[PDB]
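Participant: Sending over query_21.cif (mmCIF, C-alpha atoms and all ligand atoms).
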data_final
loop_
_atom_site.label_atom_id
_atom_site.label_comp_id
_atom_site.auth_asym_id
_atom_site.auth_seq_id
_atom_site.Cartn_x
_atom_site.Cartn_y
_atom_site.Cartn_z
CA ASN J 1 0.52 -10.14 29.20
CA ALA J 2 4.23 -9.92 28.53
CA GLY J 3 6.55 -10.95 31.35
CA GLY J 4 10.27 -11.12 32.09
CA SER J 5 11.21 -13.69 29.42
CA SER J 6 8.81 -12.50 26.71
CA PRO J 7 10.48 -11.38 23.45
CA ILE J 8 10.91 -7.65 22.70
CA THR J 9 9.69 -5.65 19.67
CA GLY J 10 11.62 -2.62 18.45
CA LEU J 11 10.18 0.48 16.84
CA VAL J 12 11.94 3.26 14.93
CA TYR J 13 10.29 6.54 14.04
CA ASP J 14 11.88 9.94 13.65
CA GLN J 15 9.95 13.05 12.68
CA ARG J 16 12.95 14.28 10.65
CA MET J 17 11.68 11.99 7.90
CA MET J 18 8.64 14.28 7.55
CA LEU J 19 10.86 16.99 6.03
CA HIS J 20 10.90 15.42 2.53
CA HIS J 21 7.98 17.02 0.72
CA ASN J 22 6.60 18.13 -2.62
CA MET J 23 7.10 21.88 -2.61
CA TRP J 24 4.73 22.40 -5.55
CA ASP J 25 1.88 20.15 -4.40
CA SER J 26 1.05 19.82 -0.72
CA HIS J 27 -1.57 17.20 -1.68
CA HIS J 28 0.81 14.78 -3.36
CA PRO J 29 -0.14 11.34 -1.96
CA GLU J 30 3.34 10.55 -0.56
CA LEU J 31 2.67 12.90 2.35
CA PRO J 32 4.81 13.65 5.42
CA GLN J 33 1.73 12.80 7.50
CA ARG J 34 1.94 9.16 6.41
CA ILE J 35 4.53 8.44 9.09
CA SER J 36 3.17 10.75 11.79
CA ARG J 37 -0.29 9.27 11.41
CA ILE J 38 1.03 5.72 11.75
CA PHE J 39 3.08 6.73 14.79
CA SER J 40 0.09 8.51 16.35
CA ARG J 41 -2.06 5.42 15.93
CA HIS J 42 0.59 3.36 17.72
CA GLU J 43 0.24 5.75 20.68
CA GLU J 44 -3.57 5.57 20.61
CA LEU J 45 -3.50 1.76 20.57
CA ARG J 46 -0.98 1.74 23.41
CA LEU J 47 1.56 -0.10 21.24
CA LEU J 48 4.40 2.41 21.44
CA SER J 49 5.05 1.94 25.16
CA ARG J 50 5.22 -1.83 24.63
CA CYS J 51 8.14 -1.48 22.18
CA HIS J 52 11.82 -0.76 22.63
CA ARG J 53 12.50 2.53 20.86
CA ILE J 54 15.39 2.21 18.38
CA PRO J 55 17.05 5.50 17.30
CA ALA J 56 17.32 6.58 13.69
CA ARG J 57 20.67 7.40 12.09
CA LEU J 58 21.92 8.35 8.68
CA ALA J 59 23.21 5.75 6.27
CA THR J 60 26.77 6.49 5.19
CA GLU J 61 27.75 6.84 1.53
CA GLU J 62 29.77 3.62 1.89
CA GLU J 63 26.62 1.83 3.06
CA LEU J 64 24.66 3.22 0.12
CA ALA J 65 27.34 1.71 -2.13
CA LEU J 66 26.27 -1.76 -0.97
CA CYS J 67 23.53 -1.42 -3.62
CA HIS J 68 23.87 1.90 -5.47
CA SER J 69 26.29 3.36 -7.97
CA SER J 70 28.61 6.23 -7.18
CA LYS J 71 26.80 8.31 -9.81
CA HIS J 72 23.40 7.83 -8.25
CA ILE J 73 24.67 8.55 -4.74
CA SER J 74 26.41 11.69 -5.97
CA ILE J 75 23.42 13.04 -7.87
CA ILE J 76 20.90 12.53 -5.09
CA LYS J 77 23.39 13.93 -2.55
CA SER J 78 23.73 17.06 -4.72
CA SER J 79 20.01 17.77 -4.45
CA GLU J 80 20.46 18.96 -0.85
CA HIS J 81 21.92 22.19 -2.24
CA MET J 82 19.63 22.79 -5.21
CA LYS J 83 17.19 25.61 -5.78
CA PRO J 84 13.58 24.78 -6.74
CA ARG J 85 14.11 25.09 -10.47
CA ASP J 86 16.87 22.48 -10.33
CA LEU J 87 14.98 20.23 -7.92
CA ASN J 88 12.09 20.23 -10.36
CA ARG J 89 14.34 19.47 -13.34
CA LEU J 90 16.18 16.72 -11.47
CA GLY J 91 12.97 15.07 -10.33
CA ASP J 92 11.74 15.08 -13.93
CA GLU J 93 14.75 12.95 -14.91
CA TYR J 94 13.08 10.03 -13.10
CA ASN J 95 9.77 8.20 -13.27
CA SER J 96 7.47 9.58 -10.56
CA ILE J 97 9.86 11.46 -8.27
CA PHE J 98 9.62 14.77 -6.45
CA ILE J 99 12.60 16.20 -4.57
CA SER J 100 13.11 18.84 -1.87
CA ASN J 101 16.31 19.95 -0.17
CA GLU J 102 15.59 17.46 2.63
CA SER J 103 14.93 14.41 0.44
CA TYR J 104 18.48 13.05 0.44
CA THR J 105 18.75 13.32 4.23
CA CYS J 106 15.34 11.70 4.71
CA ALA J 107 16.29 8.80 2.42
CA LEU J 108 19.52 8.40 4.42
CA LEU J 109 17.51 8.35 7.67
CA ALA J 110 15.07 5.76 6.33
CA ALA J 111 17.97 3.48 5.48
CA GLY J 112 19.95 4.10 8.67
CA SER J 113 16.84 3.52 10.79
CA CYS J 114 16.46 0.11 9.18
CA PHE J 115 20.16 -0.65 9.61
CA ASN J 116 19.84 0.10 13.33
CA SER J 117 16.73 -2.06 13.54
CA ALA J 118 18.36 -5.01 11.74
CA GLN J 119 21.37 -4.63 14.03
CA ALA J 120 19.12 -4.72 17.12
CA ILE J 121 17.43 -7.88 15.82
CA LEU J 122 20.62 -9.67 14.80
CA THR J 123 22.33 -8.95 18.13
CA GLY J 124 19.28 -10.15 20.10
CA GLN J 125 18.45 -6.77 21.63
CA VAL J 126 14.97 -7.22 20.17
CA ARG J 127 13.29 -10.20 18.49
CA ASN J 128 11.53 -8.22 15.77
CA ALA J 129 10.88 -4.60 14.85
CA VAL J 130 8.86 -2.07 12.88
CA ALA J 131 10.31 0.88 10.94
CA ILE J 132 7.94 3.78 10.29
CA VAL J 133 10.03 5.42 7.58
CA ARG J 134 9.75 7.49 4.40
CA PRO J 135 10.52 8.04 1.57
CA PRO J 136 10.00 4.44 0.43
CA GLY J 137 12.66 2.32 -1.21
CA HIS J 138 11.64 -0.67 -3.32
CA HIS J 139 11.52 0.96 -6.78
CA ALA J 140 15.01 2.41 -6.42
CA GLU J 141 17.53 0.70 -8.68
CA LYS J 142 21.30 0.56 -8.46
CA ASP J 143 21.60 3.61 -10.70
CA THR J 144 18.29 5.50 -10.47
CA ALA J 145 15.42 6.77 -8.35
CA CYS J 146 11.85 5.81 -9.22
CA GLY J 147 8.31 5.75 -7.87
CA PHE J 148 8.80 7.98 -4.82
CA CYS J 149 11.96 5.99 -3.89
CA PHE J 150 15.56 7.28 -3.80
CA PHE J 151 17.58 4.46 -2.24
CA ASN J 152 16.48 0.87 -1.81
CA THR J 153 16.08 0.73 1.95
CA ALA J 154 15.12 -2.95 2.13
CA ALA J 155 17.86 -4.08 -0.24
CA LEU J 156 20.45 -2.01 1.59
CA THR J 157 19.28 -3.46 4.89
CA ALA J 158 19.71 -7.00 3.59
CA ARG J 159 23.28 -6.22 2.55
CA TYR J 160 23.96 -4.32 5.79
CA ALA J 161 22.74 -7.35 7.75
CA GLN J 162 25.15 -9.59 5.85
CA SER J 163 27.97 -7.11 6.48
CA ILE J 164 27.50 -7.25 10.28
CA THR J 165 27.06 -11.03 10.47
CA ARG J 166 28.27 -13.17 7.60
CA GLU J 167 28.07 -12.87 3.85
CA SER J 168 25.86 -15.92 3.51
CA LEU J 169 23.18 -14.74 5.96
CA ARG J 170 19.97 -15.86 4.27
CA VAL J 171 17.65 -12.88 3.98
CA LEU J 172 14.05 -13.17 2.78
CA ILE J 173 12.45 -9.99 1.52
CA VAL J 174 8.65 -10.26 1.30
CA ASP J 175 7.24 -7.29 -0.60
CA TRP J 176 3.51 -6.91 -0.03
CA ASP J 177 3.26 -3.35 -1.32
CA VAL J 178 0.70 -3.45 -4.15
CA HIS J 179 3.43 -2.46 -6.64
CA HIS J 180 6.31 -4.60 -7.84
CA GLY J 181 9.66 -3.79 -6.20
CA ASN J 182 11.55 -3.62 -9.48
CA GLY J 183 14.68 -2.31 -7.78
CA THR J 184 14.79 -5.05 -5.18
CA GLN J 185 14.29 -7.73 -7.84
CA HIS J 186 17.07 -6.35 -9.99
CA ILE J 187 19.55 -5.80 -7.15
CA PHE J 188 19.21 -9.43 -6.09
CA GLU J 189 18.38 -11.07 -9.43
CA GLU J 190 21.66 -13.08 -9.53
CA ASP J 191 21.81 -13.61 -5.76
CA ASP J 192 20.93 -16.85 -3.97
CA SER J 193 21.54 -15.35 -0.50
CA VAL J 194 18.55 -12.97 -0.73
CA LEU J 195 15.21 -14.50 -1.67
CA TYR J 196 12.83 -11.87 -3.06
CA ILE J 197 9.10 -12.63 -3.00
CA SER J 198 6.74 -9.95 -4.26
CA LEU J 199 2.97 -9.93 -4.47
CA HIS J 200 1.72 -7.12 -6.69
CA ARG J 201 -1.00 -5.87 -8.95
CA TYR J 202 0.29 -6.56 -12.44
CA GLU J 203 -2.55 -6.35 -15.00
CA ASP J 204 -0.44 -7.87 -17.77
CA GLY J 205 2.17 -5.16 -17.27
CA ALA J 206 -0.23 -2.23 -17.34
CA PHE J 207 0.05 -1.25 -13.64
CA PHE J 208 2.88 0.86 -12.23
CA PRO J 209 5.85 0.36 -12.62
CA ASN J 210 4.66 -0.90 -16.03
CA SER J 211 7.24 -3.62 -16.75
CA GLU J 212 6.92 -7.28 -17.67
CA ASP J 213 9.87 -7.86 -15.33
CA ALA J 214 7.14 -8.26 -12.70
CA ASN J 215 5.62 -11.37 -14.23
CA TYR J 216 5.86 -14.85 -12.70
CA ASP J 217 8.24 -16.15 -15.34
CA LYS J 218 11.03 -13.91 -14.03
CA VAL J 219 12.57 -16.46 -11.65
CA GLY J 220 16.08 -15.06 -11.21
CA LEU J 221 19.30 -15.38 -13.17
CA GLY J 222 22.40 -17.53 -12.87
CA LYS J 223 22.98 -18.64 -9.30
CA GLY J 224 19.84 -16.68 -8.44
CA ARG J 225 17.56 -18.91 -10.51
CA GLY J 226 14.65 -19.78 -8.25
CA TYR J 227 15.37 -16.95 -5.79
CA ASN J 228 13.03 -14.37 -7.34
CA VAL J 229 9.33 -15.10 -6.87
CA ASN J 230 6.79 -12.77 -8.48
CA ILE J 231 3.11 -13.33 -7.61
CA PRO J 232 1.31 -11.09 -10.12
CA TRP J 233 -2.36 -10.26 -9.87
CA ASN J 234 -4.51 -9.67 -12.92
CA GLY J 235 -8.18 -8.82 -13.14
CA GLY J 236 -8.82 -6.01 -10.65
CA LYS J 237 -9.42 -6.03 -6.91
CA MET J 238 -7.82 -8.76 -4.66
CA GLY J 239 -8.10 -9.02 -0.88
CA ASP J 240 -7.61 -11.20 2.14
CA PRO J 241 -8.65 -14.51 0.53
CA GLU J 242 -6.17 -14.13 -2.32
CA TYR J 243 -3.29 -12.96 -0.12
CA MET J 244 -3.92 -15.73 2.41
CA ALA J 245 -3.99 -18.29 -0.39
CA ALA J 246 -0.77 -16.95 -1.92
CA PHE J 247 0.90 -17.20 1.49
CA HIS J 248 -0.40 -20.71 2.07
CA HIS J 249 0.52 -22.13 -1.34
CA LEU J 250 3.61 -20.11 -2.29
CA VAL J 251 5.17 -17.63 0.12
CA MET J 252 5.34 -19.81 3.22
CA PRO J 253 6.39 -23.11 1.56
CA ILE J 254 9.17 -21.43 -0.40
CA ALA J 255 10.26 -19.36 2.59
CA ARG J 256 10.41 -22.39 4.88
CA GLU J 257 12.52 -24.29 2.35
CA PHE J 258 14.88 -21.31 2.01
CA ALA J 259 15.11 -21.17 5.83
CA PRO J 260 15.83 -17.45 6.16
CA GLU J 261 17.88 -16.11 9.04
CA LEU J 262 16.29 -12.65 8.75
CA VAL J 263 12.98 -11.58 7.20
CA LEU J 264 12.50 -8.07 5.85
CA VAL J 265 9.03 -6.99 4.87
CA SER J 266 8.71 -4.31 2.22
CA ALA J 267 5.46 -3.42 3.90
CA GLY J 268 3.58 -1.04 1.72
CA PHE J 269 -0.06 -0.67 2.75
CA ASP J 270 -1.34 0.33 -0.68
CA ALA J 271 -3.05 -3.05 -1.21
CA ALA J 272 -5.28 -1.99 1.68
CA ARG J 273 -9.00 -1.49 1.62
CA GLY J 274 -9.52 2.21 1.02
CA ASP J 275 -6.33 2.94 -0.92
CA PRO J 276 -7.20 4.96 -4.06
CA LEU J 277 -3.91 4.22 -5.78
CA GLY J 278 -3.95 0.44 -5.30
CA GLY J 279 -7.62 -0.43 -5.65
CA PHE J 280 -7.38 -3.61 -3.56
CA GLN J 281 -9.12 -4.80 -0.40
CA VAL J 282 -6.63 -6.28 2.09
CA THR J 283 -7.96 -5.57 5.59
CA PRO J 284 -6.05 -4.74 8.77
CA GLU J 285 -6.83 -8.21 10.04
CA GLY J 286 -5.46 -9.59 6.77
CA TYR J 287 -2.15 -7.81 7.31
CA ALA J 288 -2.11 -9.15 10.88
CA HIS J 289 -2.40 -12.71 9.60
CA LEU J 290 0.35 -12.19 7.02
CA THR J 291 2.60 -10.81 9.75
CA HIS J 292 1.81 -13.67 12.10
CA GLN J 293 2.73 -16.20 9.41
CA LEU J 294 6.06 -14.48 8.72
CA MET J 295 6.85 -14.54 12.46
CA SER J 296 7.14 -18.33 12.17
CA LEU J 297 10.27 -17.90 10.01
CA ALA J 298 13.83 -17.00 10.93
CA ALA J 299 13.32 -17.71 14.62
CA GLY J 300 10.97 -14.72 14.64
CA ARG J 301 13.55 -12.24 13.31
CA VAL J 302 11.25 -10.00 11.27
CA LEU J 303 11.70 -6.31 10.38
CA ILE J 304 8.63 -4.58 8.92
CA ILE J 305 9.66 -1.61 6.75
CA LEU J 306 7.08 0.90 5.52
CA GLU J 307 6.95 1.27 1.71
CA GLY J 308 3.83 2.80 0.06
CA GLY J 309 0.25 3.19 1.24
CA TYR J 310 -1.76 6.34 0.80
CA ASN J 311 -5.02 6.20 2.77
CA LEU J 312 -3.89 7.61 6.11
CA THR J 313 -6.52 5.76 8.11
CA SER J 314 -5.88 2.48 6.30
CA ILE J 315 -2.10 2.56 6.68
CA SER J 316 -2.29 3.59 10.32
CA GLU J 317 -4.66 0.76 11.24
CA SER J 318 -2.88 -1.78 9.07
CA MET J 319 0.68 -1.12 10.23
CA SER J 320 -0.47 -0.92 13.86
CA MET J 321 -2.06 -4.36 13.51
CA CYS J 322 1.27 -5.69 12.24
CA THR J 323 3.08 -4.29 15.32
CA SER J 324 0.41 -5.84 17.54
CA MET J 325 1.24 -9.21 15.98
CA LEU J 326 4.99 -8.69 16.44
CA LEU J 327 4.29 -7.97 20.12
CA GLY J 328 2.61 -11.37 20.48
CA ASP J 329 -1.05 -10.40 20.46
CA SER J 330 -3.52 -13.04 19.30
CA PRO J 331 -4.37 -12.91 15.57
CA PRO J 332 -7.86 -11.46 14.97
CA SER J 333 -10.63 -13.58 13.53
CA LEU J 334 -10.60 -13.67 9.74
CA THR J 335 -13.88 -17.67 0.57
CA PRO J 336 -13.50 -18.62 -3.11
CA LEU J 337 -10.72 -16.75 -4.83
CA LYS J 338 -11.24 -14.55 -7.83
CA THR J 339 -10.80 -16.84 -10.82
CA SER J 340 -7.79 -14.92 -12.08
CA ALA J 341 -6.13 -15.22 -8.64
CA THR J 342 -6.27 -19.02 -8.78
CA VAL J 343 -4.78 -18.77 -12.27
CA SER J 344 -1.97 -16.54 -10.99
CA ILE J 345 -1.14 -18.79 -8.05
CA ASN J 346 -1.10 -21.84 -10.31
CA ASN J 347 1.16 -20.05 -12.80
CA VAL J 348 3.68 -19.22 -10.06
CA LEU J 349 3.52 -22.80 -8.80
CA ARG J 350 4.33 -24.06 -12.31
CA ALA J 351 7.21 -21.58 -12.67
CA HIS J 352 8.79 -22.36 -9.28
CA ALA J 353 8.11 -26.05 -8.79
CA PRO J 354 11.38 -26.79 -10.69
CA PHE J 355 13.32 -24.92 -8.02
CA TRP J 356 11.46 -25.69 -4.78
CA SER J 357 10.75 -29.25 -3.69
CA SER J 358 8.13 -27.90 -1.26
CA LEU J 359 5.96 -27.11 -4.29
CA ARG J 360 6.23 -30.53 -6.02
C1 LIG D 1 4.36 6.15 -8.16
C2 LIG D 1 3.10 5.53 -7.62
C3 LIG D 1 3.17 4.58 -6.54
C4 LIG D 1 4.27 4.22 -5.91
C5 LIG D 1 4.18 3.17 -4.89
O1 LIG D 1 3.36 3.08 -4.03
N1 LIG D 1 5.16 2.24 -5.05
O2 LIG D 1 5.26 1.14 -4.24
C6 LIG D 1 1.88 5.76 -8.11
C7 LIG D 1 1.54 6.67 -9.22
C8 LIG D 1 1.55 5.91 -10.52
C9 LIG D 1 0.13 7.17 -8.93
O3 LIG D 1 -0.80 6.38 -8.90
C10 LIG D 1 -0.08 8.58 -8.60
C11 LIG D 1 -1.37 8.99 -8.28
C12 LIG D 1 -1.64 10.29 -7.94
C13 LIG D 1 -0.61 11.24 -7.90
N2 LIG D 1 -0.88 12.57 -7.57
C14 LIG D 1 -2.22 12.97 -7.19
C15 LIG D 1 0.13 13.64 -7.61
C16 LIG D 1 0.70 10.82 -8.22
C17 LIG D 1 0.94 9.52 -8.55
CL CL D 2 1.69 3.86 24.12
CL CL D 3 14.46 28.41 -8.34
CL CL D 4 19.81 14.56 10.00
K K D 5 5.04 -5.96 -3.99
K K D 6 17.25 -13.18 -5.48
MG MG D 7 26.86 -12.65 -2.02
ZN ZN D 8 3.31 0.89 -3.71
#
What is this structure when it is put down as structure tokens?
Ligand SMILES: CC(/C=C/C(=O)NO)=C\[C@@H](C)C(=O)c1ccc(N(C)C)cc1
Ligand SMILES: [Cl-]
Ligand SMILES: [Cl-]
Ligand SMILES: [Cl-]
Ligand SMILES: [K+]
Ligand SMILES: [K+]
Ligand SMILES: [Mg+2]
Ligand SMILES: [Zn+2]

Facilitator:
Amino acid sequence: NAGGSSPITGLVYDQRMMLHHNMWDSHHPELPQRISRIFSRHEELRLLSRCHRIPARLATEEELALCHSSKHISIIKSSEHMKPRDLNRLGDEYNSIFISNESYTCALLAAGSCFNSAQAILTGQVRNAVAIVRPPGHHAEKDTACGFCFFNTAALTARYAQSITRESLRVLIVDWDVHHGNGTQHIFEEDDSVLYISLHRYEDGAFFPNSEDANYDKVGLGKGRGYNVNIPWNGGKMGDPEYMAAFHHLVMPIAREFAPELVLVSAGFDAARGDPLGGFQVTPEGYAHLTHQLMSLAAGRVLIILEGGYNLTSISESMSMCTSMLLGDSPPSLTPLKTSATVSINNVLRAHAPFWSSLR
């Protein structure tokens, strides 16, 4: 359907990112095959040849310092040279981390791939893009790794984008991974130039990463007050109706009022139907509709960054549907909310109405 003036979608994927692995447990859910399966599905669905292929690169240590401490950079960098006993001991210093000799390099490639993709978008080489990267990023804090994440790819990309345009570039990060992006929240908690909106299974703080920082009443600090939006789910499985309602009532009104100039999606697919770690029911068509809504922001400048997601079929179908939307395909055809989901949405509305006229 696309013709000479149709917008272009970028895609980054590099099999080097498969080298990070759990050397003790080949069945750990954060598998190398996550990215190769998503990439394969893009070939099967004839999406790859429709995209402009963006190369990966490594992030530099100076770029990592946009968000991370010198200590954290140094320690993770040192893991490249460690023997298994030390890799095991180092990983045990963090919550839910495994490390191999290739982990640091893979984390650098995930970040650099997203920097290249943001650069392609912001220079107009492509309109939007998809980054099929691992390890994930959103639990990584300034000073520590966490939850399968070493460096905060999305947060770094936001800063990188500002560094190659202007400091005030308004970046929206929408984090639809089923888990709260604690690191992204904290990195930007005092920042009004980066709006963080997370939807996540919360369960009154019982669900990983197990902190009440993920609740709706954490709205940001100082100049960042209002610029941190947590949409926490309690009461078990949520799906398309709840996510569509959260987008309709919260994500899209706040985002439109913020008027981002770049949208980054921390696109985990662990809220997907079939995911045994998330336990939720978002369908591929649901993810397509979320993507299509975000495309209406920022003059279409959207970068979808893989985070979590552990059912290989589910993530492959879901991320492919997102790319299909970015490419301009028609959204697929797509109910009362769970009672607790209405409660959650109304709690966020109460918390953020003081800051966002679109909600009053
Ligand atoms: C860290 C995490 C999710 C991160 C994510 O997706 N962050 O966005 C999930 C942990 C709690 C988990 O559920 C788990 C389950 C099985 C397992 N093995 C079978 C080895 C190891 C860990
Ligand atoms: Cl193809
Ligand atoms: Cl050893
Ligand atoms: Cl390399
Ligand atoms: K999230
Ligand atoms: K913020
Ligand atoms: Mg600033
Ligand atoms: Zn997750």

Participant: Would you please work out which residue, of J:169, J:140, J:111, J:122, is nearest to residue 185 in chain J when using only C-alpha atoms?

Facilitator: J:140

Participant: Counting all atoms listed in the file, I want the residues whose atoms come within 8 Å of (23.7, -7.4, -1.0) in the file frame, returned as an MDAnalysis selection string.

Facilitator: chainID J and resid 66:67 155:156 158:160 162 187:188 194

Participant: Would you mind exporting the chosen residues as a PDB file, keeping the file's coordinate frame, restricted to C-alpha atoms?

Facilitator:
ATOM      1  CA  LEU J  66      26.270  -1.760  -0.970  1.00  0.00           C
ATOM      2  CA  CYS J  67      23.530  -1.420  -3.620  1.00  0.00           C
ATOM      3  CA  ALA J 155      17.860  -4.080  -0.240  1.00  0.00           C
ATOM      4  CA  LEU J 156      20.450  -2.010   1.590  1.00  0.00           C
ATOM      5  CA  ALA J 158      19.710  -7.000   3.590  1.00  0.00           C
ATOM      6  CA  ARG J 159      23.280  -6.220   2.550  1.00  0.00           C
ATOM      7  CA  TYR J 160      23.960  -4.320   5.790  1.00  0.00           C
ATOM      8  CA  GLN J 162      25.150  -9.590   5.850  1.00  0.00           C
ATOM      9  CA  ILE J 187      19.550  -5.800  -7.150  1.00  0.00           C
ATOM     10  CA  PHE J 188      19.210  -9.430  -6.090  1.00  0.00           C
ATOM     11  CA  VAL J 194      18.550 -12.970  -0.730  1.00  0.00           C
TER      12      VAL J 194
END

Participant: Which residue, J:321, J:297, J:229, J:304, has the smallest gap to ligand K 6 (chain D) when you use all atoms listed in the file?

Facilitator: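 Among J:321, J:297, J:229, J:304, it is J:229 that comes nearest to ligand K 6 (chain D).
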
Participant: Any chance you could tabulate, as a tab-separated table, the residues of chain J at most 9 Å from ligand CL 3 (chain D) with each one's nearest atom pair and distance in Å to one decimal, using all atoms listed in the file, in chain and rising number order?

Facilitator:
residue	atom	partner	partner_atom	distance
J:82	CA	D:CL3	CL	8.3
J:83	CA	D:CL3	CL	4.7
J:84	CA	D:CL3	CL	4.1
J:85	CA	D:CL3	CL	4.0
J:86	CA	D:CL3	CL	6.7
J:87	CA	D:CL3	CL	8.2
J:88	CA	D:CL3	CL	8.8

Participant: Neighbours of ligand K 6 (chain D) at 8 Å or closer, counting all atoms listed in the file: which residues, as a ChimeraX atom specification?

Facilitator: /J:185,187-196,220,224-228

Participant: Within 9 Å of ligand CL 4 (chain D) (counting all atoms listed in the file), which residues show up? I'd like them as a list in words.

Facilitator: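 So, counting all atoms listed in the file, the residues near ligand CL 4 (chain D) are residues 16, 17, 57, 58, 102, 105, 106, 108 and 109 of chain J.
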
Participant: Restricting the calculation to all atoms listed in the file, which member of J:277, J:164, J:219, J:23 is positioned closest to residue 178 in chain J?

Facilitator: J:277

Participant: Point out the residue among J:320, J:357, J:184, J:313 with the least atom-to-atom distance to ligand K 5 (chain D), counting all atoms listed in the file.

Facilitator: J:184

Participant: Around ligand LIG 1 (chain D), which protein and nucleic acid residues have at least one atom no more than 6 Å from it, if we count all atoms listed in the file? List them as JSON, numbers by chain.

Facilitator: {"J": [28, 29, 96, 147, 148, 177, 179, 208, 277, 308]}

Participant: Name the closest residue to residue 275 in chain J among the candidates J:121, J:290, J:315, J:302; distances are taken between atoms, counting only C-alpha atoms.

Facilitator: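 Once distances to residue 275 in chain J are computed over only C-alpha atoms, the minimum belongs to J:315.
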
Participant: Which residue, J:107, J:149, J:19, J:11, has the smallest gap to residue 47 in chain J when you use all atoms listed in the file?

Facilitator: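 Closest to residue 47 in chain J of all the choices is J:11.
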
Participant: Mind listing as a list in words all residues within 9 Å of (-7.2, -3.8, 2.0), counting all atoms listed in the file?

Facilitator: residues 238, 239, 240, 269, 270, 271, 272, 273, 274, 275, 279, 280, 281, 282, 283, 284, 286, 287, 314 and 318 of chain J

Participant: Would you put the residues from that selection into a file with C-alpha atoms, as a CSV table (one decimal), in the coordinates of the input?

Facilitator:
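Below is the file that was written, selection.csv:
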chain,number,residue,atom,x,y,z
J,238,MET,CA,-7.8,-8.8,-4.7
J,239,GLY,CA,-8.1,-9.0,-0.9
J,240,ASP,CA,-7.6,-11.2,2.1
J,269,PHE,CA,-0.1,-0.7,2.8
J,270,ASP,CA,-1.3,0.3,-0.7
J,271,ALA,CA,-3.0,-3.0,-1.2
J,272,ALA,CA,-5.3,-2.0,1.7
J,273,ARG,CA,-9.0,-1.5,1.6
J,274,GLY,CA,-9.5,2.2,1.0
J,275,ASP,CA,-6.3,2.9,-0.9
J,279,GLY,CA,-7.6,-0.4,-5.6
J,280,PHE,CA,-7.4,-3.6,-3.6
J,281,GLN,CA,-9.1,-4.8,-0.4
J,282,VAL,CA,-6.6,-6.3,2.1
J,283,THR,CA,-8.0,-5.6,5.6
J,284,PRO,CA,-6.0,-4.7,8.8
J,286,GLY,CA,-5.5,-9.6,6.8
J,287,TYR,CA,-2.2,-7.8,7.3
J,314,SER,CA,-5.9,2.5,6.3
J,318,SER,CA,-2.9,-1.8,9.1

Participant: Quick one: everything within 12 Å of range 69-81 of chain J, counting only C-alpha atoms, minus sequence neighbours fewer than 5 positions away in the same chain. Send it as a tab-separated table (two decimals) with C-alpha atoms, keeping the file's coordinate frame.

Facilitator:
chain	number	residue	atom	x	y	z
J	19	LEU	CA	10.86	16.99	6.03
J	20	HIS	CA	10.90	15.42	2.53
J	59	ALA	CA	23.21	5.75	6.27
J	60	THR	CA	26.77	6.49	5.19
J	61	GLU	CA	27.75	6.84	1.53
J	62	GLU	CA	29.77	3.62	1.89
J	63	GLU	CA	26.62	1.83	3.06
J	64	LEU	CA	24.66	3.22	0.12
J	86	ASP	CA	16.87	22.48	-10.33
J	87	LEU	CA	14.98	20.23	-7.92
J	88	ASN	CA	12.09	20.23	-10.36
J	89	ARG	CA	14.34	19.47	-13.34
J	90	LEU	CA	16.18	16.72	-11.47
J	91	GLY	CA	12.97	15.07	-10.33
J	93	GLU	CA	14.75	12.95	-14.91
J	94	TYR	CA	13.08	10.03	-13.10
J	97	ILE	CA	9.86	11.46	-8.27
J	98	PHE	CA	9.62	14.77	-6.45
J	99	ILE	CA	12.60	16.20	-4.57
J	100	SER	CA	13.11	18.84	-1.87
J	101	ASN	CA	16.31	19.95	-0.17
J	102	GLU	CA	15.59	17.46	2.63
J	103	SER	CA	14.93	14.41	0.44
J	104	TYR	CA	18.48	13.05	0.44
J	105	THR	CA	18.75	13.32	4.23
J	106	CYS	CA	15.34	11.70	4.71
J	107	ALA	CA	16.29	8.80	2.42
J	108	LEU	CA	19.52	8.40	4.42
J	140	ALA	CA	15.01	2.41	-6.42
J	141	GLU	CA	17.53	0.70	-8.68
J	142	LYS	CA	21.30	0.56	-8.46
J	143	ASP	CA	21.60	3.61	-10.70
J	144	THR	CA	18.29	5.50	-10.47
J	145	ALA	CA	15.42	6.77	-8.35
J	146	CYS	CA	11.85	5.81	-9.22
J	149	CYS	CA	11.96	5.99	-3.89
J	150	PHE	CA	15.56	7.28	-3.80
J	151	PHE	CA	17.58	4.46	-2.24
J	152	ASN	CA	16.48	0.87	-1.81
J	187	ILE	CA	19.55	-5.80	-7.15

Participant: Might you pull out every residue within 7 Å of residue 176 in chain J, with only C-alpha atoms counted and same-chain residues fewer than 5 positions away left off, and present them as a PyMOL selection string?

Facilitator: chain J and resi 198-200+266-268

Participant: List all protein, DNA and RNA residues that have at least one atom no more than 7 Å from any atom of ligand CL 2 (chain D), counting only C-alpha atoms and all ligand atoms, and write them as a ChimeraX atom specification.

Facilitator: /J:42-50

Participant: May I ask for the distance between CA of residue 138 in chain J and CA of residue 166 in chain J, given in Å to one decimal place?

Facilitator: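 Taking CA of residue 138 in chain J and CA of residue 166 in chain J, their separation equals 23.5 Å.
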
Participant: Can you tell me how far CA of residue 133 in chain J sits from CA of residue 2 in chain J, in Å to one decimal?

Facilitator: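 Interatomic distance, CA of residue 133 in chain J to CA of residue 2 in chain J: 26.6 Å.
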
Participant: In Å, how far is it from CA of residue 264 in chain J to CA of residue 334 in chain J?

Facilitator: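 Going from CA of residue 264 in chain J over to CA of residue 334 in chain J, I get 24.1 Å.
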